[PDB]
């Protein structure tokens, strides 16, 4: 039989589901523990009024009207037939990649042949690059795919299936590379950053689970929505032993064996995804049911919870602060300036490029008003400007500023994962700030225009509204960048410290549990309090490094 029927038979699928279920159970215990802590922290910020200050730019409240992002014909390699077929390929408003047999089939409202969420994917523009990337997916390879055009585009994922496209011209290749890069970035941004409770509870639980498996530091596969990330977590853990078991059973030449493993991995990824979805959504519903009860206890007992948290922290400080401060002084503090410099330069270039692109587009609109000498086509020009933050070409020069980013870890070595994650996060911030700029410009211009078509010439109020939005932009850009640099420095330095401190602490921390009043245990965790103690040991150096640099400008 075929590869999947042979190697993923019912018995093997049951074993995989059992192992997956054990991982999900352990993760969900971390998640339920984290949930009340995330709730307490968010409520403390709101009640004490210590959340993020209000931005100067306005934020769009309703999404833009849904429009197709891009479409065109592509060739796609077909896994079943091994034949290349034309496909009409469409990117909807939500940045899925949708493939139809042809455009005529699309017009007749025929179902799509595939709908692809590209979270966790990477783009390759040559077959050799792709073969190099998968070349060591099975062991011992060095211990002794052919495209109809010269312009391929390949989508690779560590666990899910790979897609093979090609285009007729370098121009089409370049366009689809930008669009698919936008798709990946959009799908990776699957948990809203301003989620108050669910987001932080989930991502902290992921980190704590990984730490319990002795995995510290930024994780490249913390991308996509919750179920995708959980699927990545399971595949990371189960992949090695599944590969060790099935690898020797695969028959053929090295690249054929590599392709069979990709097919097996995708099938397991699907099975894991559905199992994780069911298990996670069950627990999410359970925590949401008791969240109001938790809110009442937090609101009533706020001051006593803070007191209990501070008492626990004081005992942890007494235990770990000497060794922590030495480790920061000797092994973190010397390197904070260099890491900050590496992050600041491309990030600040990118935010400045957003400003320049915004300024040019508003001026181009202003030129149109002067040329028609009138207000009457403003709605047409504002509609195009309203979408600038999602323009598949015009934003590319901003995003490109991040590709020179190279970050060392605290072993003074290039950190691939930190670099990847922080380029993605920086680019998402750039998209947000561009959208805020054009939304603010539109809103303020409409206000200004209530004065009348020519109380003074329209191009004077346009340029005055533009100058007002630019000052709001410059303020918000510095706010956003300072927060981003602080967050990134913390996310590089704290996992390093926790790993160095683990032989001292991991056996000893449970002894502090007895200090937590049982009715507060959903809101206070020994581990989280300990991690906050460690965080405070780098806070001075980080705030001062971002201060002394004044990197936020």
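Positions refer to the first chain, counted from 1.
- According to the entry, the deposited sequence places 4 to 9 unmodelled residues between residue 144 and residue 145.
- Annotation for 313-321 versus 201-209: the higher mean temperature factor (C-alpha) is found in 313-321.
- Taking the mean C-alpha B-factor of each stretch as recorded, 462-470 and 395-403 are not equal, and the higher mean is that of 462-470.
- The residue among 42, 34, 513, 507 whose C-alpha carries the highest B-factor in the deposited model is 507.
- For the set 266, 182, 101, 281, the PDB entry assigns the largest Cα B-factor to 101.
- In the PDB entry, residue 480 places in the middle third of its chain by CA B-factor.
- Among all modelled residues in its chain, residue 452 ranks in the highest third by Cα B-factor.
- In this PDB entry, the Cα temperature factor of residue 26 sits in the bottom third of its chain's modelled residues, the lowest group.
- Sorting the modelled residues of the chain by their CA temperature factor places residue 18 in the lowest third.
- Compared with the other modelled residues of the chain, the Cα B-factor recorded for residue 216 ranks in the middle third.
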